2 protein chains.
Amino acid sequence: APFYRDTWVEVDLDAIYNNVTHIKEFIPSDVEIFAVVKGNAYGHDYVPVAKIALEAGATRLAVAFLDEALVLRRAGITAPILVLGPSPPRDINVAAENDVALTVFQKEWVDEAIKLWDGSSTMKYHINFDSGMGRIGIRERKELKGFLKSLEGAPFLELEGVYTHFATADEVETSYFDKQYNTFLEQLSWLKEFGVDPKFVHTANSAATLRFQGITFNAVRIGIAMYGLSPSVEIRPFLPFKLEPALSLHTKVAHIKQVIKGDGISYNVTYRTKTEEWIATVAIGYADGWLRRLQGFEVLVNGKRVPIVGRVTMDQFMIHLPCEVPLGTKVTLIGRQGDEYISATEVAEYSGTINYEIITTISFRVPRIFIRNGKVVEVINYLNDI
Amino acid sequence: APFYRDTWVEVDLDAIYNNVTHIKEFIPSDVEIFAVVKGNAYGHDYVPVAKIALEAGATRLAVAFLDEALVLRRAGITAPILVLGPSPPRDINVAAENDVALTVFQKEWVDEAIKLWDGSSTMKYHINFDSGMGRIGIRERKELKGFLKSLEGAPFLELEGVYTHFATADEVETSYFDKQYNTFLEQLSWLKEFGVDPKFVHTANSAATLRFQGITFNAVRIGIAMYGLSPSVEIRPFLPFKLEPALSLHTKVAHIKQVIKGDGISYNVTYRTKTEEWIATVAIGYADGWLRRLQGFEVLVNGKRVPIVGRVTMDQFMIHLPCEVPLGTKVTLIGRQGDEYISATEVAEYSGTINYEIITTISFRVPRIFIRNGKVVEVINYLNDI
Ligand SMILES: [Cl-]
Ligand SMILES: [Cl-]
């Protein structure tokens, strides 16, 4: 699969397999893993991550919205897939015909689904209880009650599981998390009172799964830890085993030159050289997700930290090197060169954000190259496929 | 073309056609326009923008790197296409077989292209002179001479044009711009001295074209103004005619609930309600390019500006509304509701960035809907092509 600019993501499928294996070893043997692939598998690519995670013993998959799930099904994947985000009622039949379960938690959604149902297809759903995330899900007892009442008109909807999600499992202090846990217990009690067997319960994300007792239920939902990154800096010290980061981001010196003292670099001349400087250019920019707020950040060239100088542009940025290098010299934005390592977390901290957002926003413009047992096994260039 | 989440980009093809028509009428009638589509046509989608710009009288297209050019060629577009960014020598024969011109400005690129030539292909190229952008291009007299000498060994490489790019055309005060113009003049003189006809010269981006006499040459390269946005706030007062913004971004209320006083919303409970509050949730988040730094930004609901509350998550965010609205209510992130308008510029200013970066980073996840003469003519859902 070809690509024609020397800028690429490298995804180490061994690393993803090892994180999933380690998690599966760490949790009880009767507890399933959803591999959570939403956001183009956190920027690692939907399909290869899904397949490797399954190979490593994840049994189920989860994605943000229905189109993401169809990407998986069109790739030949047959494992269960749950849509975690809210879905409009018009998705009922297409979810059904593609064996995809949806999160459903509103009597109004059920009303509309009854109207839109094509009569040929039953759909599986999970109930989301909002136990303090404030995002989606049922919160109140009366609310749950009317939701169940309306479900009686929809025998084509079939409960497959019930879940909640934690807002603070990545904070050392547990007050809010403990309140969520207690609230969720009350919600499950309501459900049993209304005569509904939850069947299959899941609550824990990466942070909760790696920290807390009695949190596993029937399944956990793993995103960031599968990609080998800590949910936060503050809990890193407390994780039970070493996470192996799966993603790196590289570029090659596309031009190099010596720029006289005082000359300007990039838009609005926000950087001037202070001596005769070696300035390299690389072919990646904010259209690839490498945003302007990274100006001044230090990338790796020949194992040395070297700064991005001048404004980052849509497709290119410049770097001040101490020495001439040849055109083609590898430049690493996330990953390892020699003894040096730039984590997605370090890029995120410089950017004033979190690692999730750094990885997931690496744009579809950038090819992914997949490594397994140390050999390249696949290249995906999403531009090729338009 | 189907999509299964109610979040979308609207691209008004009329606005684009109109901006290009107006630019074409504003510049001299023998001056061509490159339609600049790099970055997924600044978030608007490569192919339909290219097509409508050409229908509108643009005669040529420009992209950042080869793969973007091949998207256009595969869509059956036959107009000239220039790659503006730096390309590896290994690109030589593919760019030839695909009728794509590359930017070429390095002796070493030539030496390498010599090695790599199909012995059959002829490739067209433009010389980039760096007159002060500091990014790529020839800067020196001896450099140019050496470059032209190496070309002697490459009869398969054919000059199509010569260009430079301005770093400061979007600043009121013109000192740096005037120095670039003078440097570029000297550079063209060296080129004439060394026996080369430029053939076809271009220098101006949107801001230069809209401001300056004597700057058109044989063609201008239009990006941001084609999409109907000002290159900066500083020069907006001074543009010769009104720009018509082509892109808006919308979603729907996917959940709505009343949350009691003091309850928390989203990760790390960074927002708690100050009274009993109506909180809506929408299915777009940072994986769509709607980044966490937009927390606190006000979007439009029912013609009213309302705040994003709590952390934006990968696929969803929450909004504090003054009144209950029905599920499915329209939420506009960029665009018009009633008398209210949120420009990409306003989003950028809140974000501490520029409008270019806001539009161009709307993810491949989000479907684009295209409007011509007020009717939908096309939907592109990139996730489908996977
Ligand atoms: Cl949730
Ligand atoms: Cl340039």
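The basis for the numbers below is simple: all heavy atoms, side chains too, and nothing from hydrogens, waters or symmetry mates. Every chain is numbered from 1, with letters handed out A, B, ... down the list of sequences.
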Say whether B/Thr183 and B/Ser131, considering side chains only, have a donor N or O and an acceptor N or O under 3.5 Å apart. no
Checked B/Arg293, B/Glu171, B/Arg74, B/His165 vs chain A; the most non-hydrogen pairs under 4.5 Å come from B/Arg74
Heavy-atom distances under 4.5 Å only: say whether B/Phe3 touches chain A with side chain, backbone, both or neither. both
How long is the gap from OG1 on A/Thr270 to CZ on A/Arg311, to the nearest 0.5 Å? 4.5 Å
For the residue pair A/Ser175 and A/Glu173, confirm or rule out a side-chain donor-acceptor distance under 3.5 Å. yes
Which pair of non-hydrogen atoms, one from A/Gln295 and one from A/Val312, has the smallest distance, and what is that distance? N-CG2, 4.1 Å
Examine whether an atom of A/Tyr46 lies under 4.5 Å from a heavy atom of chain B, and if so say whether it belongs to the side chain, the backbone or both; otherwise answer neither. side chain
At a heavy-atom separation under 4.5 Å, does A/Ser87 approach chain B through its side chain, its backbone, both, or neither? neither
Max heavy-atom pair count under 4.5 Å with chain B, selected residue of A/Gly310, A/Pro2, A/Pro88, A/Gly223: A/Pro88
Chain B contact via A/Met133 - side chain, backbone, both or neither, heavy atoms under 4.5 Å: both
Will you find, in the side chains of B/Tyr382 and B/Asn40, an N or O donor that is under 3.5 Å from an N or O acceptor? yes
Looking at chain B, which one of A/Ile359, A/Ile256, A/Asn268, A/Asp385 has the largest number of heavy-atom pairs inside 4.5 Å, strictly under? A/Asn268
Among B/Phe129, B/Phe177, B/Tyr176, which residue meets the ring pair (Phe, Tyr, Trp, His ring centres under 6.0 Å) test with B/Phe166? B/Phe177
Parallel, tilted or perpendicular: which one describes the rings of A/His255 and B/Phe105, with boundaries at 30° and 60°? perpendicular
Sort out for me which residue in B/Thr251, B/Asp6, B/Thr7 forms a side-chain contact (heavy atoms from CB on, under 4.5 Å) with B/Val282. B/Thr251
What residue in A/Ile386, A/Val269, A/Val259 has the most heavy-atom pairs under 4.5 Å with chain B? A/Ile386
With only heavy atoms counted, which part of B/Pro367 is less than 4.5 Å from chain A, the side chain, the backbone, both or neither? neither
Interchain contact, B/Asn384 with chain A, by part (heavy-atom threshold 4.5 Å): both
Salt-bridge criterion met for A/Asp315 and A/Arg5 (N-O under 4.0 Å): no
Looking at A/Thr360, A/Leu84, A/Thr361, which makes the most heavy-atom pairs under 4.5 Å with chain B? A/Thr360
Any idea which of A/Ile265, A/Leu291, A/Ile279 has the most non-hydrogen atom pairs under 4.5 angstrom with chain B? A/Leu291
Under 4.5 Å from any heavy atom of chain A - which part of B/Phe317: neither
Can you tell which part of B/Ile354 gets under 4.5 Å to a heavy atom of chain A, answering side chain, backbone, both or neither? both
Atom group of A/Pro326 that falls short of 4.5 Å from chain B, counting heavy atoms: neither
Less than 4.5 Å to any heavy atom of chain B: does that hold for the side chain of A/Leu327, its backbone, both, or neither? side chain
Would you name the heavy atoms of B/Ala50 and B/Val37 that are closest together and state the gap between them? N-CG1, 4.1 Å
In short, B/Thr313 meets B/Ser266 closest at the heavy-atom pair CG2-OG, 3.4 Å
Taking side chain as everything from C-beta outward and backbone as N, CA, C, O, which of these in A/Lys257 sits under 4.5 Å from a heavy atom of chain B? Side chain, backbone, both or neither. side chain
What part of A/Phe65 is in contact with chain B, defined as an atom under 4.5 angstrom from a non-hydrogen atom: side chain, backbone, both or neither? side chain
Which region of A/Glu112, side chain (C-beta onward) or backbone (N, CA, C, O), has a non-hydrogen atom less than 4.5 Å from a non-hydrogen atom of chain B, or is it both or neither? neither
Value rounded to 0.5 Å, distance of CG in B/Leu294 from CZ in B/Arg292: 11.5 Å
Which of A/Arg365, A/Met318, A/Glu357 touches chain B most, by non-hydrogen pairs under 4.5 Å: A/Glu357
